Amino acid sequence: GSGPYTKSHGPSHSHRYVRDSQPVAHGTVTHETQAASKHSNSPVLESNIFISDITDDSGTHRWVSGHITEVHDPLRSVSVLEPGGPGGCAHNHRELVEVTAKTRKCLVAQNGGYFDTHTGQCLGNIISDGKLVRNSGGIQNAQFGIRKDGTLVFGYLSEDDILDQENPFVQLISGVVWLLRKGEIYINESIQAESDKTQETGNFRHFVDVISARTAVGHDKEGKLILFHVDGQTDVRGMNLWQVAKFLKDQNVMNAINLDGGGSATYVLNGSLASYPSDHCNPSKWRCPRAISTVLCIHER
């Protein structure tokens, strides 16, 4: 449908290919790090609603709406959850964000990584509360992870990077497109890194350029984790990734990656749906949240 890939999810080329093709400005490191903030005497998070006027290239103005969530102690409060609960990805299980969220008393929960809509298979790298759920085998998509010592990681990782046991990843999830790198829009570089020069680069561009519902995760200079969500509907309402990156750039976000969007985009506040999903409740025309894969959860305990 609105997926970035037509055959298999992710590029076929290696991490060294990604490294050699990135701009000299970033040296030879294909990721960014930031020590997580440690505000253990603060509330867990801040949930912010925005309704903003967006201008597209044609000059027409549109209203968009969504949430920005700030997490003050990411190491202790952020979890990557399998659909429905532990073991969900092994069963190709799909489940609403709310249902999965209620397994951990999540204060805020958003849909997470990409999945195969036909088979329900989880995609990308997945580490959930210290447990390796899925090793993609070094597939080069944008990554977000939290290491055991509190380091936030954004960008492109090798299979060796994610399997390290010195300072192991305790949370890891994959998206598609690295939106911001070091406070700069990184979409053009992401297209080079995350699409196959061979198999249908056009469909990947349409995924970037079309407006839709979108979600993203990033961080600011203070080490706070930033969750982004904008409601929309592919080719009808919402934002394209250029607009998402600019919006986050103006929110002082340093690094951010794009997570699953379209009808998957869901914002759940303390177990209740608090967004407007795009899918229909067939055969009726009411709107319904989608059964999705992994979930990004922010919990109190």
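From 1 onward, residues are counted along the sequence shown.
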*Averaged over C-alpha atoms, is the B-factor higher for 85 to 93 or for 140 to 148 in this PDB entry?*
85 to 93
*On average, are the C-alpha B-factors higher in 159 to 167 or in 105 to 113?*
159 to 167
*Member of 61, 67, 246, 26 with the greatest C-alpha B factor (per the PDB record)*: 61
*asked:* I'd like to know which of 183, 120, 74, 175 has the highest C-alpha temperature factor in the PDB entry.
replied: 120
_Chain-wide C-alpha B factor ranking for residue 287, given as lowest, middle or highest third_ = middle
*Please place residue 250 in the lowest, middle or highest third of its chain by C-alpha B factor as given in the entry.*
middle
_How does the C-alpha B factor of residue 203 compare with the rest of the chain: lowest, middle or highest third?_
highest
*Once the chain's modelled residues are ordered by C-alpha B factor and cut into thirds, is residue 209 in the lowest, middle or highest one?*
middle
_Sorting by Cα B-factor within the chain, modelled residues only, which third would residue 100 end up in: lowest, middle or highest?_
highest
